[PDB]
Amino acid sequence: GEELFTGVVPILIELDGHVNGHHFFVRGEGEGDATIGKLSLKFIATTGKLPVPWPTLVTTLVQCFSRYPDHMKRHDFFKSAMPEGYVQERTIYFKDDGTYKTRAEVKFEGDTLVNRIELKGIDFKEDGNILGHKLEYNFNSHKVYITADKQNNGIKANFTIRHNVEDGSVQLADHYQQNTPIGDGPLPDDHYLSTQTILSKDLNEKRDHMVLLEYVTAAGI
């Protein structure tokens, strides 16, 4: 299934979310180029103004597009599960605030890589950093640490996302992550993904939205 990631692949992403009393929905469309580890997407909040900040959704909103160097192709679980795909479950702990629980299917549908996600958020403080919107519009660079568990024939991962706050603070988000294949036949040595993300806006776009450009490369061997 690494075959399927030579050349540009279009992308569709859908987020169904409930945080406390608010429901929201997000559609993303764009393309991904696994050959250089690049992502280009635009996101729309089809339900009005987001009750959370856009940066808090970035990680739950396709690591099959991580560029794996030639000498690491043995370790690319994400692609090797395609086209049938994989399940990606996360729990995300915002320090001294609420929590996200996310489930999502990442899989091919025609020539389009699809990420369909549902998200549950509980115990977020009103006038905390997430609700009441005190996060700055940007995104830091991280290392995503990946291990195999042969148990669920898949991939576990954890890492800490650092969210700049508008007063110089840093809101931390602890990510706990599992990945499980849907079909059959895919398991790496310990390694990581260095990430980079720029956020921006379409100035002629009136719906609450997010333009995102992202670079990712594997390393550790």
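Counting begins at 1, following the sequence as shown.
- Counting the deposited residues that fall between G32 and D33 and carry no coordinates gives zero.
- The gap between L61 and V62 holds 1 to 3 unmodelled residues of the deposited sequence.
- Mean C-alpha B-factor is higher over 67-75 than over the other stretch, the pair under comparison being 67-75 and 115-123.
- Higher mean CA temperature factor between 209-217 and 20-28: 20-28, per the PDB entry.
- The top Cα temperature factor in the record, among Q196, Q171, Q178, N153, falls on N153.
- Note on the listed residues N164, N158, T47, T56: the highest Cα temperature factor in the record is that of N158.
- For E109, the recorded CA B-factor ranks within the highest third of the chain. Only modelled residues enter the ranking.
- Ranked by Cα temperature factor within the chain, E89 sits in the lowest third according to the deposited record.
- Among all modelled residues in its chain, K42 ranks in the lowest third by Cα B-factor.
- Ranked within its chain, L135 lands in the lowest third, by CA B factor from the PDB record.
- In the PDB entry, a CA B factor belonging to the middle third of its chain's modelled residues is recorded for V144.
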